[PDB]
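[1] all I have is the shape, not the residue letters:
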DNA sequence: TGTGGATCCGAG
DNA sequence: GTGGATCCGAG
Ligand code: NA
Ligand code: NA
Ligand code: NA
Ligand code: NA
């Protein structure tokens, strides 16, 4: 089982306003999870412009400390540009896999953003009703759909994608 | 006064075989100096392919230590990619202006070799009789013409230029 | 055959 | 506030 993690934040420096994962078993996506989170800092305007999550939405939510345990249960954590989420999240009990690094080894000379790959690779996932891009669970599905494409194409195991990831 | 310095070396790591310089005063090029130099090391064939200066040509020439002192006594020093000449030469007694950096700043999206600039700017200068690109005294005239044009176009001051260079 | 330096990229 | 990849100048 590979668990894709995505996160929304107050800015590039961190503070968590949302977290989500989907799990990947037998090349299928299952077991969606997502939580709005009460951050440790103001939500930057430039951040708010992106994910559209307001102070009002998170003010009654638990802290990242409180919420993270729900995401335990996985040897492997997959994140697009995993280095970000790795930094801004608290220490996870798995090992990491970055779908950005992998897509660059897999398909050199292309464009390497979550949404760029998804279009380029002409992919189609059953997306969650009612969330736009750069939300939380949405991008997980995009990233997962992209993880599947990547495994199918290369046949890479978990532990191979971990090592490549570095 | 601005002194344009150029150098032909044994390679990218150093080892002078030619120094040369010209001075810019009121947009005119004056006081040419040039010396074939005996390098502290073999002229790699890679470098020699460029400047076409043979071992024979420099066998009975002075060391760079007997010859640099002719080039001291200026407040400013101009070289194209100053950070090369600066590195391969003895500590020079002034302030440095790099025309490569000024060009990148003045004209973005362009190519930035001493000869690319010259052609792009369609500059015309009187180059010493029977020398050649990578001939030393030859590129000093080219770079002086570049400096001159940069100065016409930006109205930058010697001090402004150094600051830019960094 | 190396340096370095800029200069874009990814993540929000 | 930044770390990872490239590309480009000088001989
Ligand atoms: Na993300
Ligand atoms: Na996102
Ligand atoms: Na030079
Ligand atoms: Na030269």
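    Structure received. Numbers count the residues shown, from 1 in each chain, chains lettered A, B, ... in the order given. Ligands and ions are numbered 1, 2, ... in the order given.
[2] how many other residues sit next to the residue in chain A that DNA strand D sits nearest to?
    Per C-beta to the nearest atom of the strand, residue A:12 is where chain A lies closest to DNA strand D, at 3.9 Å. Every C-beta, even on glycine, is put in place using the N, C-alpha and C of the backbone. When neighbours are counted by other C-beta atoms under 10 Å in any protein chain shown, residue A:12 registers 11.
[3] how near is it to residue A:36?
    According to C-beta to C-beta, to the nearest Å, residue A:12 and residue A:36 sit 20 Å apart.
[4] same check on residue A:63?
    Here the criterion is C-beta to C-beta. By it, residue A:63 lies 12 Å from residue A:36.
[5] okay, these two: which has more neighbours?
    residue A:36 (19 against 12).
[6] tell me the contacts of the more buried one?
    Residue A:36 sits next to A:17-18, A:53, A:57-58, A:61, A:136 when contact means C-beta atoms under 8 Å, 6 or more residues apart in numbering or on different chains.
[7] contacts only, for residue A:96.
    The contact partners of residue A:96, by C-beta under 8 Å, 6+ apart, come to A:76-79, A:82, A:86, A:162, A:165.
[8] let's have the residues you listed in CSV, adding neighbour count.
    Listed next are these as CSV, based on neighbours: other C-beta atoms under 10 Å in any protein chain shown:
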residue, neighbour count
A:76, 20
A:77, 23
A:78, 32
A:79, 28
A:82, 22
A:86, 17
A:162, 19
A:165, 21
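[9] those residues in helices, which ones?
    A:82, A:86, A:162, A:165 (DSSP state H).
[10] now the third one: closest residue in space, sequence neighbours ignored.
    Spatially, and ignoring its direct neighbours in sequence, residue A:162 is nearest to residue A:95 (5.0 Å; C-beta to C-beta, 6 or more residues apart in numbering or on different chains).
[11] that neighbour: neighbour count?
    Neighbour tally, residue A:95, other C-beta under 10 Å: 15.
[12] cool, residue A:61 as well?
    Residue A:61 has 17 neighbours, counted by other C-beta under 10 Å.
[13] verify the stated contact: it with residue A:53.
    No. The criterion here is C-beta atoms under 8 Å, and residue A:61 misses it with residue A:53 at 10.3 Å.
[14] all helices of chain A, in order?
    Going by DSSP H, chain A shows helices at A:45-51, A:55-58, A:64-67, A:82-88, A:99-106, A:114-120, A:137-154, A:158-165.
[15] any chance of JSON lines for these, columns distance to ligand 4?
    Output for these, formatted as JSON lines (distance: least, C-beta to the ion, whole Å):
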{"stretch": "helix A:45-51", "distance to ligand 4": "46"}
{"stretch": "helix A:55-58", "distance to ligand 4": "61"}
{"stretch": "helix A:64-67", "distance to ligand 4": "58"}
{"stretch": "helix A:82-88", "distance to ligand 4": "43"}
{"stretch": "helix A:99-106", "distance to ligand 4": "38"}
{"stretch": "helix A:114-120", "distance to ligand 4": "43"}
{"stretch": "helix A:137-154", "distance to ligand 4": "48"}
{"stretch": "helix A:158-165", "distance to ligand 4": "44"}
